[PDB]
$ cat model.tsv   # TSV, N, CA and C atoms
chain	number	residue	atom	x	y	z
A	1	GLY	N	73.34	28.73	-19.28
A	1	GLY	CA	72.85	28.81	-17.91
A	1	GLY	C	71.45	28.32	-17.63
A	2	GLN	N	71.35	27.32	-16.75
A	2	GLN	CA	70.10	26.99	-16.09
A	2	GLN	C	70.48	26.29	-14.78
A	3	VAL	N	70.42	27.03	-13.67
A	3	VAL	CA	70.97	26.58	-12.40
A	3	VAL	C	69.87	26.16	-11.43
A	4	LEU	N	68.78	26.91	-11.36
A	4	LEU	CA	67.66	26.61	-10.49
A	4	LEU	C	66.48	26.17	-11.34
A	5	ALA	N	65.87	25.04	-10.97
A	5	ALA	CA	64.73	24.53	-11.72
A	5	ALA	C	63.61	25.56	-11.73
A	6	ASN	N	62.98	25.72	-12.90
A	6	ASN	CA	61.97	26.75	-13.09
A	6	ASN	C	60.76	26.23	-13.85
A	7	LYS	N	60.43	24.95	-13.67
A	7	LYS	CA	59.35	24.31	-14.41
A	7	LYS	C	58.44	23.57	-13.44
A	8	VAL	N	57.17	23.47	-13.82
A	8	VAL	CA	56.18	22.72	-13.06
A	8	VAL	C	55.58	21.66	-13.96
A	9	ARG	N	55.02	20.62	-13.34
A	9	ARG	CA	54.38	19.53	-14.06
A	9	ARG	C	53.10	19.14	-13.34
A	10	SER	N	52.06	18.87	-14.12
A	10	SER	CA	50.76	18.47	-13.58
A	10	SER	C	50.61	16.95	-13.56
A	11	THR	N	51.61	16.27	-13.01
A	11	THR	CA	51.58	14.82	-12.88
A	11	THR	C	52.26	14.48	-11.57
A	12	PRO	N	51.64	13.70	-10.69
A	12	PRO	CA	52.26	13.39	-9.40
A	12	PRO	C	53.40	12.40	-9.55
A	13	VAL	N	54.14	12.25	-8.46
A	13	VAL	CA	55.19	11.24	-8.33
A	13	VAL	C	54.78	10.28	-7.23
A	14	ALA	N	54.99	8.98	-7.47
A	14	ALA	CA	54.82	7.97	-6.43
A	14	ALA	C	53.39	7.98	-5.88
A	15	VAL	N	52.47	7.61	-6.74
A	15	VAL	CA	51.08	7.41	-6.34
A	15	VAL	C	50.92	5.99	-5.82
A	16	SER	N	50.25	5.85	-4.67
A	16	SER	CA	49.96	4.55	-4.09
A	16	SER	C	48.47	4.47	-3.78
A	17	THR	N	47.80	3.48	-4.35
A	17	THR	CA	46.36	3.34	-4.21
A	17	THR	C	45.94	2.24	-3.25
A	18	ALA	N	46.74	1.19	-3.10
A	18	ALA	CA	46.45	0.18	-2.10
A	18	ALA	C	46.21	0.83	-0.75
A	19	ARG	N	45.41	0.17	0.08
A	19	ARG	CA	44.89	0.66	1.35
A	19	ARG	C	43.68	1.57	1.15
A	20	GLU	N	43.16	1.69	-0.07
A	20	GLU	CA	41.89	2.34	-0.32
A	20	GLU	C	40.83	1.25	-0.46
A	21	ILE	N	39.82	1.30	0.40
A	21	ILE	CA	38.84	0.22	0.53
A	21	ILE	C	37.59	0.56	-0.27
A	22	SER	N	36.97	-0.47	-0.85
A	22	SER	CA	35.69	-0.34	-1.51
A	22	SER	C	34.58	-0.74	-0.55
A	23	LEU	N	33.53	0.07	-0.50
A	23	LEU	CA	32.50	-0.04	0.52
A	23	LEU	C	31.28	-0.83	0.06
A	24	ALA	N	31.38	-1.57	-1.04
A	24	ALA	CA	30.22	-2.32	-1.52
A	24	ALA	C	29.75	-3.39	-0.55
A	25	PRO	N	30.60	-4.30	-0.06
A	25	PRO	CA	30.09	-5.36	0.83
A	25	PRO	C	29.41	-4.83	2.08
A	26	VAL	N	29.95	-3.76	2.69
A	26	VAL	CA	29.30	-3.21	3.87
A	26	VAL	C	27.96	-2.61	3.51
A	27	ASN	N	27.84	-2.02	2.32
A	27	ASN	CA	26.55	-1.50	1.88
A	27	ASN	C	25.54	-2.62	1.70
A	28	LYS	N	25.98	-3.76	1.15
A	28	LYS	CA	25.09	-4.91	1.04
A	28	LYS	C	24.64	-5.39	2.41
A	29	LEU	N	25.57	-5.45	3.37
A	29	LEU	CA	25.19	-5.83	4.73
A	29	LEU	C	24.19	-4.86	5.32
A	30	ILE	N	24.38	-3.56	5.10
A	30	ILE	CA	23.47	-2.57	5.65
A	30	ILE	C	22.09	-2.73	5.05
A	31	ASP	N	22.01	-2.95	3.74
A	31	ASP	CA	20.72	-3.18	3.11
A	31	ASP	C	20.05	-4.42	3.69
A	32	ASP	N	20.82	-5.49	3.90
A	32	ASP	CA	20.26	-6.71	4.47
A	32	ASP	C	19.70	-6.45	5.86
A	33	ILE	N	20.44	-5.72	6.69
A	33	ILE	CA	19.97	-5.45	8.05
A	33	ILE	C	18.71	-4.60	8.01
A	34	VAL	N	18.69	-3.56	7.17
A	34	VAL	CA	17.54	-2.66	7.13
A	34	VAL	C	16.31	-3.40	6.64
A	35	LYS	N	16.48	-4.33	5.70
A	35	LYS	CA	15.34	-5.08	5.20
A	35	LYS	C	14.78	-6.03	6.25
A	36	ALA	N	15.62	-6.53	7.16
A	36	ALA	CA	15.16	-7.52	8.13
A	36	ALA	C	14.32	-6.89	9.24
A	37	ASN	N	14.56	-5.62	9.57
A	37	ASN	CA	13.88	-4.97	10.67
A	37	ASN	C	12.66	-4.17	10.25
A	38	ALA	N	12.33	-4.15	8.96
A	38	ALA	CA	11.15	-3.44	8.47
A	38	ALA	C	9.93	-4.34	8.39
A	39	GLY	N	9.88	-5.40	9.19
A	39	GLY	CA	8.76	-6.32	9.18
A	39	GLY	C	9.19	-7.77	9.25
B	1	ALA	N	-40.12	0.53	6.85
B	1	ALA	CA	-41.56	0.70	6.83
B	1	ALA	C	-42.00	2.11	7.23
B	2	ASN	N	-41.05	3.00	7.55
B	2	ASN	CA	-41.31	4.44	7.85
B	2	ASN	C	-41.88	4.61	9.27
B	3	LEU	N	-41.51	3.75	10.22
B	3	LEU	CA	-42.03	3.76	11.58
B	3	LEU	C	-41.11	4.47	12.56
B	4	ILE	N	-40.03	5.08	12.08
B	4	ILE	CA	-39.18	5.93	12.91
B	4	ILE	C	-38.70	7.10	12.07
B	5	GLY	N	-38.25	8.15	12.75
B	5	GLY	CA	-37.70	9.29	12.06
B	5	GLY	C	-36.40	8.95	11.35
B	6	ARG	N	-36.12	9.68	10.28
B	6	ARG	CA	-34.90	9.42	9.52
B	6	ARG	C	-33.66	9.90	10.26
B	7	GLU	N	-33.80	10.87	11.17
B	7	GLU	CA	-32.67	11.37	12.00
B	7	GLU	C	-32.19	10.25	12.92
B	8	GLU	N	-33.06	9.31	13.30
B	8	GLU	CA	-32.71	8.17	14.18
B	8	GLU	C	-31.83	7.19	13.39
B	9	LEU	N	-32.15	6.94	12.12
B	9	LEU	CA	-31.34	6.09	11.26
B	9	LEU	C	-29.99	6.74	10.97
B	10	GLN	N	-30.00	8.04	10.70
B	10	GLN	CA	-28.73	8.73	10.45
B	10	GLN	C	-27.82	8.64	11.66
B	11	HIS	N	-28.36	8.85	12.86
B	11	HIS	CA	-27.55	8.79	14.07
B	11	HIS	C	-26.98	7.39	14.28
B	12	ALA	N	-27.79	6.35	14.07
B	12	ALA	CA	-27.29	4.99	14.26
B	12	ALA	C	-26.18	4.66	13.26
B	13	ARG	N	-26.37	5.03	12.00
B	13	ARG	CA	-25.35	4.76	10.99
B	13	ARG	C	-24.06	5.52	11.31
B	14	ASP	N	-24.18	6.79	11.71
B	14	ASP	CA	-23.00	7.56	12.08
B	14	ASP	C	-22.30	6.94	13.29
B	15	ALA	N	-23.08	6.39	14.22
B	15	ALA	CA	-22.48	5.72	15.37
B	15	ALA	C	-21.67	4.51	14.94
B	16	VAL	N	-22.20	3.73	14.00
B	16	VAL	CA	-21.44	2.58	13.50
B	16	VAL	C	-20.13	3.04	12.88
B	17	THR	N	-20.19	4.09	12.05
B	17	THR	CA	-18.98	4.58	11.40
B	17	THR	C	-17.96	5.08	12.43
B	18	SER	N	-18.42	5.82	13.44
B	18	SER	CA	-17.51	6.34	14.45
B	18	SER	C	-16.85	5.22	15.24
B	19	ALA	N	-17.63	4.19	15.59
B	19	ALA	CA	-17.04	3.05	16.29
B	19	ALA	C	-15.98	2.38	15.43
B	20	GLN	N	-16.25	2.24	14.13
B	20	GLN	CA	-15.26	1.66	13.24
B	20	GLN	C	-13.97	2.48	13.25
B	21	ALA	N	-14.09	3.80	13.20
B	21	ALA	CA	-12.91	4.65	13.20
B	21	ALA	C	-12.12	4.50	14.50
B	22	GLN	N	-12.81	4.46	15.63
B	22	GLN	CA	-12.12	4.29	16.90
B	22	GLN	C	-11.38	2.96	16.94
B	23	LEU	N	-12.01	1.90	16.44
B	23	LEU	CA	-11.32	0.61	16.38
B	23	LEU	C	-10.07	0.69	15.52
B	24	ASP	N	-10.15	1.42	14.40
B	24	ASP	CA	-8.97	1.58	13.56
B	24	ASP	C	-7.85	2.27	14.32
B	25	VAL	N	-8.18	3.31	15.09
B	25	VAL	CA	-7.16	4.00	15.87
B	25	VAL	C	-6.49	3.03	16.83
B	26	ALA	N	-7.29	2.23	17.54
B	26	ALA	CA	-6.72	1.28	18.49
B	26	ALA	C	-5.82	0.27	17.80
B	27	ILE	N	-6.26	-0.27	16.66
B	27	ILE	CA	-5.48	-1.28	15.95
B	27	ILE	C	-4.15	-0.70	15.50
B	28	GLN	N	-4.16	0.53	14.97
B	28	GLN	CA	-2.91	1.12	14.52
B	28	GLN	C	-1.98	1.43	15.68
B	29	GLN	N	-2.53	1.83	16.83
B	29	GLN	CA	-1.68	2.01	18.00
B	29	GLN	C	-0.98	0.71	18.38
B	30	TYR	N	-1.75	-0.39	18.43
B	30	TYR	CA	-1.15	-1.67	18.76
B	30	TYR	C	-0.08	-2.06	17.75
B	31	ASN	N	-0.36	-1.87	16.46
B	31	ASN	CA	0.63	-2.19	15.44
B	31	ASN	C	1.89	-1.36	15.63
B	32	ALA	N	1.74	-0.08	15.97
B	32	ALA	CA	2.90	0.76	16.23
B	32	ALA	C	3.74	0.19	17.36
B	33	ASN	N	3.09	-0.28	18.42
B	33	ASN	CA	3.86	-0.86	19.52
B	33	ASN	C	4.64	-2.09	19.07
B	34	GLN	N	4.03	-2.92	18.23
B	34	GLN	CA	4.66	-4.16	17.79
B	34	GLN	C	5.82	-3.94	16.84
B	35	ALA	N	6.03	-2.72	16.35
B	35	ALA	CA	7.16	-2.47	15.47
B	35	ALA	C	8.49	-2.57	16.19
B	36	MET	N	8.50	-2.48	17.52
B	36	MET	CA	9.73	-2.50	18.29
B	36	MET	C	10.12	-3.90	18.75
B	37	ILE	N	9.31	-4.91	18.47
B	37	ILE	CA	9.58	-6.29	18.87
B	37	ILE	C	9.87	-7.17	17.67
B	38	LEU	N	8.97	-7.16	16.68
B	38	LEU	CA	9.10	-7.99	15.48
B	38	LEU	C	9.16	-9.47	15.82
B	39	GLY	N	8.55	-9.86	16.94
B	39	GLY	CA	8.42	-11.27	17.28
B	39	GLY	C	9.73	-12.02	17.38
B	40	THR	N	10.71	-11.45	18.06
B	40	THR	CA	11.99	-12.10	18.31
B	40	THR	C	12.13	-12.45	19.78
B	41	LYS	N	12.94	-13.46	20.06
B	41	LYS	CA	13.15	-13.90	21.43
B	41	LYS	C	13.77	-12.77	22.26
B	42	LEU	N	13.79	-12.97	23.58
B	42	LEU	CA	14.24	-11.92	24.48
B	42	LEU	C	15.72	-11.62	24.29
B	43	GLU	N	16.54	-12.66	24.07
B	43	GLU	CA	17.97	-12.44	23.92
B	43	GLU	C	18.34	-11.90	22.54
B	44	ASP	N	17.42	-11.95	21.58
B	44	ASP	CA	17.68	-11.43	20.24
B	44	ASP	C	17.37	-9.95	20.11
B	45	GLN	N	16.76	-9.33	21.12
B	45	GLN	CA	16.41	-7.93	21.02
B	45	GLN	C	17.67	-7.07	21.02
B	46	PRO	N	17.72	-6.00	20.22
B	46	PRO	CA	18.98	-5.26	20.07
B	46	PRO	C	19.57	-4.75	21.38
B	47	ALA	N	18.75	-4.26	22.30
B	47	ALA	CA	19.30	-3.67	23.52
B	47	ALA	C	20.06	-4.71	24.34
B	48	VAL	N	19.49	-5.90	24.48
B	48	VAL	CA	20.15	-6.95	25.25
B	48	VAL	C	21.47	-7.33	24.60
B	49	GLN	N	21.51	-7.39	23.27
B	49	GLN	CA	22.75	-7.75	22.59
B	49	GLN	C	23.81	-6.66	22.75
B	50	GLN	N	23.40	-5.40	22.73
B	50	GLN	CA	24.35	-4.32	22.98
B	50	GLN	C	24.95	-4.44	24.38

$ encode --input "model.tsv" --output "structure tokens"
Amino acid sequence: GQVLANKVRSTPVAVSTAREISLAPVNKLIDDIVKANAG
Amino acid sequence: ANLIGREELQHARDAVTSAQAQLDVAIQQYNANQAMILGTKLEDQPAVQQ
């Protein structure tokens, strides 16, 4: 007998990472803008 | 040559120093005002572009 599942797992199912954006280029743009207006 | 009191020299020197300080205040005020322009044309100013 084992009719109802009774176990857990610490691993996800169906992970999707695309559509996660990296913010480096916008940070470079922000630094460029801040440097231009300080003199 | 010791033909005037020393308090007269002290006052004159202090006057020169005080005038210098006042000029510094004025110059820094003007510089503060110029921080909002940065020598750009009228259409390049942020408010107009917004």

$ select_by_dssp --input "model.tsv" --residues "chain B" --states "alpha helix (DSSP H)" --output "PDB file with N, CA and C atoms, in the coordinates of the input"
ATOM      1  N   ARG B   6     -36.120   9.680  10.280  1.00  0.00           N
ATOM      2  CA  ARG B   6     -34.900   9.420   9.520  1.00  0.00           C
ATOM      3  C   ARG B   6     -33.660   9.900  10.260  1.00  0.00           C
ATOM      4  N   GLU B   7     -33.800  10.870  11.170  1.00  0.00           N
ATOM      5  CA  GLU B   7     -32.670  11.370  12.000  1.00  0.00           C
ATOM      6  C   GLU B   7     -32.190  10.250  12.920  1.00  0.00           C
ATOM      7  N   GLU B   8     -33.060   9.310  13.300  1.00  0.00           N
ATOM      8  CA  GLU B   8     -32.710   8.170  14.180  1.00  0.00           C
ATOM      9  C   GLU B   8     -31.830   7.190  13.390  1.00  0.00           C
ATOM     10  N   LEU B   9     -32.150   6.940  12.120  1.00  0.00           N
ATOM     11  CA  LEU B   9     -31.340   6.090  11.260  1.00  0.00           C
ATOM     12  C   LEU B   9     -29.990   6.740  10.970  1.00  0.00           C
ATOM     13  N   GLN B  10     -30.000   8.040  10.700  1.00  0.00           N
ATOM     14  CA  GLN B  10     -28.730   8.730  10.450  1.00  0.00           C
ATOM     15  C   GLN B  10     -27.820   8.640  11.660  1.00  0.00           C
ATOM     16  N   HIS B  11     -28.360   8.850  12.860  1.00  0.00           N
ATOM     17  CA  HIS B  11     -27.550   8.790  14.070  1.00  0.00           C
ATOM     18  C   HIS B  11     -26.980   7.390  14.280  1.00  0.00           C
ATOM     19  N   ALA B  12     -27.790   6.350  14.070  1.00  0.00           N
ATOM     20  CA  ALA B  12     -27.290   4.990  14.260  1.00  0.00           C
ATOM     21  C   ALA B  12     -26.180   4.660  13.260  1.00  0.00           C
ATOM     22  N   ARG B  13     -26.370   5.030  12.000  1.00  0.00           N
ATOM     23  CA  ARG B  13     -25.350   4.760  10.990  1.00  0.00           C
ATOM     24  C   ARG B  13     -24.060   5.520  11.310  1.00  0.00           C
ATOM     25  N   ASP B  14     -24.180   6.790  11.710  1.00  0.00           N
ATOM     26  CA  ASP B  14     -23.000   7.560  12.080  1.00  0.00           C
ATOM     27  C   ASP B  14     -22.300   6.940  13.290  1.00  0.00           C
ATOM     28  N   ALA B  15     -23.080   6.390  14.220  1.00  0.00           N
ATOM     29  CA  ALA B  15     -22.480   5.720  15.370  1.00  0.00           C
ATOM     30  C   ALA B  15     -21.670   4.510  14.940  1.00  0.00           C
ATOM     31  N   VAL B  16     -22.200   3.730  14.000  1.00  0.00           N
ATOM     32  CA  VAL B  16     -21.440   2.580  13.500  1.00  0.00           C
ATOM     33  C   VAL B  16     -20.130   3.040  12.880  1.00  0.00           C
ATOM     34  N   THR B  17     -20.190   4.090  12.050  1.00  0.00           N
ATOM     35  CA  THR B  17     -18.980   4.580  11.400  1.00  0.00           C
ATOM     36  C   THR B  17     -17.960   5.080  12.430  1.00  0.00           C
ATOM     37  N   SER B  18     -18.420   5.820  13.440  1.00  0.00           N
ATOM     38  CA  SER B  18     -17.510   6.340  14.450  1.00  0.00           C
ATOM     39  C   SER B  18     -16.850   5.220  15.240  1.00  0.00           C
ATOM     40  N   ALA B  19     -17.630   4.190  15.590  1.00  0.00           N
ATOM     41  CA  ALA B  19     -17.040   3.050  16.290  1.00  0.00           C
ATOM     42  C   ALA B  19     -15.980   2.380  15.430  1.00  0.00           C
ATOM     43  N   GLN B  20     -16.250   2.240  14.130  1.00  0.00           N
ATOM     44  CA  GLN B  20     -15.260   1.660  13.240  1.00  0.00           C
ATOM     45  C   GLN B  20     -13.970   2.480  13.250  1.00  0.00           C
ATOM     46  N   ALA B  21     -14.090   3.800  13.200  1.00  0.00           N
ATOM     47  CA  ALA B  21     -12.910   4.650  13.200  1.00  0.00           C
ATOM     48  C   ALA B  21     -12.120   4.500  14.500  1.00  0.00           C
ATOM     49  N   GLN B  22     -12.810   4.460  15.630  1.00  0.00           N
ATOM     50  CA  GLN B  22     -12.120   4.290  16.900  1.00  0.00           C
ATOM     51  C   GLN B  22     -11.380   2.960  16.940  1.00  0.00           C
ATOM     52  N   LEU B  23     -12.010   1.900  16.440  1.00  0.00           N
ATOM     53  CA  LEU B  23     -11.320   0.610  16.380  1.00  0.00           C
ATOM     54  C   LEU B  23     -10.070   0.690  15.520  1.00  0.00           C
ATOM     55  N   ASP B  24     -10.150   1.420  14.400  1.00  0.00           N
ATOM     56  CA  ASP B  24      -8.970   1.580  13.560  1.00  0.00           C
ATOM     57  C   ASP B  24      -7.850   2.270  14.320  1.00  0.00           C
ATOM     58  N   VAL B  25      -8.180   3.310  15.090  1.00  0.00           N
ATOM     59  CA  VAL B  25      -7.160   4.000  15.870  1.00  0.00           C
ATOM     60  C   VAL B  25      -6.490   3.030  16.830  1.00  0.00           C
ATOM     61  N   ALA B  26      -7.290   2.230  17.540  1.00  0.00           N
ATOM     62  CA  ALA B  26      -6.720   1.280  18.490  1.00  0.00           C
ATOM     63  C   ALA B  26      -5.820   0.270  17.800  1.00  0.00           C
ATOM     64  N   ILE B  27      -6.260  -0.270  16.660  1.00  0.00           N
ATOM     65  CA  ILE B  27      -5.480  -1.280  15.950  1.00  0.00           C
ATOM     66  C   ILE B  27      -4.150  -0.700  15.500  1.00  0.00           C
ATOM     67  N   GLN B  28      -4.160   0.530  14.970  1.00  0.00           N
ATOM     68  CA  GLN B  28      -2.910   1.120  14.520  1.00  0.00           C
ATOM     69  C   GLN B  28      -1.980   1.430  15.680  1.00  0.00           C
ATOM     70  N   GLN B  29      -2.530   1.830  16.830  1.00  0.00           N
ATOM     71  CA  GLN B  29      -1.680   2.010  18.000  1.00  0.00           C
ATOM     72  C   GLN B  29      -0.980   0.710  18.380  1.00  0.00           C
ATOM     73  N   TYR B  30      -1.750  -0.390  18.430  1.00  0.00           N
ATOM     74  CA  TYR B  30      -1.150  -1.670  18.760  1.00  0.00           C
ATOM     75  C   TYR B  30      -0.080  -2.060  17.750  1.00  0.00           C
ATOM     76  N   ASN B  31      -0.360  -1.870  16.460  1.00  0.00           N
ATOM     77  CA  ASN B  31       0.630  -2.190  15.440  1.00  0.00           C
ATOM     78  C   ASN B  31       1.890  -1.360  15.630  1.00  0.00           C
ATOM     79  N   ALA B  32       1.740  -0.080  15.970  1.00  0.00           N
ATOM     80  CA  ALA B  32       2.900   0.760  16.230  1.00  0.00           C
ATOM     81  C   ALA B  32       3.740   0.190  17.360  1.00  0.00           C
ATOM     82  N   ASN B  33       3.090  -0.280  18.420  1.00  0.00           N
ATOM     83  CA  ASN B  33       3.860  -0.860  19.520  1.00  0.00           C
ATOM     84  C   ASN B  33       4.640  -2.090  19.070  1.00  0.00           C
ATOM     85  N   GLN B  34       4.030  -2.920  18.230  1.00  0.00           N
ATOM     86  CA  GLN B  34       4.660  -4.160  17.790  1.00  0.00           C
ATOM     87  C   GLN B  34       5.820  -3.940  16.840  1.00  0.00           C
ATOM     88  N   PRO B  46      17.720  -6.000  20.220  1.00  0.00           N
ATOM     89  CA  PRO B  46      18.980  -5.260  20.070  1.00  0.00           C
ATOM     90  C   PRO B  46      19.570  -4.750  21.380  1.00  0.00           C
ATOM     91  N   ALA B  47      18.750  -4.260  22.300  1.00  0.00           N
ATOM     92  CA  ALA B  47      19.300  -3.670  23.520  1.00  0.00           C
ATOM     93  C   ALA B  47      20.060  -4.710  24.340  1.00  0.00           C
ATOM     94  N   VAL B  48      19.490  -5.900  24.480  1.00  0.00           N
ATOM     95  CA  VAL B  48      20.150  -6.950  25.250  1.00  0.00           C
ATOM     96  C   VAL B  48      21.470  -7.330  24.600  1.00  0.00           C
ATOM     97  N   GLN B  49      21.510  -7.390  23.270  1.00  0.00           N
ATOM     98  CA  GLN B  49      22.750  -7.750  22.590  1.00  0.00           C
ATOM     99  C   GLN B  49      23.810  -6.660  22.750  1.00  0.00           C
TER     100      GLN B  49
END

$ closest_residue --input "model.tsv" --among "B:10, B:21, B:50, B:35" --to "residue A:38" --atoms "only N, CA and C atoms"
B:35

$ interface_residues --input "model.tsv" --of "chain A" --to "chain B" --cutoff "10 Å" --atoms "only C-alpha atoms" --output "mmCIF file with N, CA and C atoms, in the frame of the given file"
data_model
loop_
_atom_site.group_PDB
_atom_site.id
_atom_site.type_symbol
_atom_site.label_atom_id
_atom_site.label_comp_id
_atom_site.auth_asym_id
_atom_site.auth_seq_id
_atom_site.Cartn_x
_atom_site.Cartn_y
_atom_site.Cartn_z
ATOM 1 N N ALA A 36 15.620 -6.530 7.160
ATOM 2 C CA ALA A 36 15.160 -7.520 8.130
ATOM 3 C C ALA A 36 14.320 -6.890 9.240
ATOM 4 N N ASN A 37 14.560 -5.620 9.570
ATOM 5 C CA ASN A 37 13.880 -4.970 10.670
ATOM 6 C C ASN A 37 12.660 -4.170 10.250
ATOM 7 N N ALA A 38 12.330 -4.150 8.960
ATOM 8 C CA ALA A 38 11.150 -3.440 8.470
ATOM 9 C C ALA A 38 9.930 -4.340 8.390
ATOM 10 N N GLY A 39 9.880 -5.400 9.190
ATOM 11 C CA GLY A 39 8.760 -6.320 9.180
ATOM 12 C C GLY A 39 9.190 -7.770 9.250
#

$ axis_aligned_box --input "model.tsv" --around "stretch 24-34 of chain A" --padding-each-side "5 Å" --output "JSON"
{"center_x": 23.8, "center_y": -4.1, "center_z": 3.3, "size_x": 25.1, "size_y": 15.2, "size_z": 19.6}
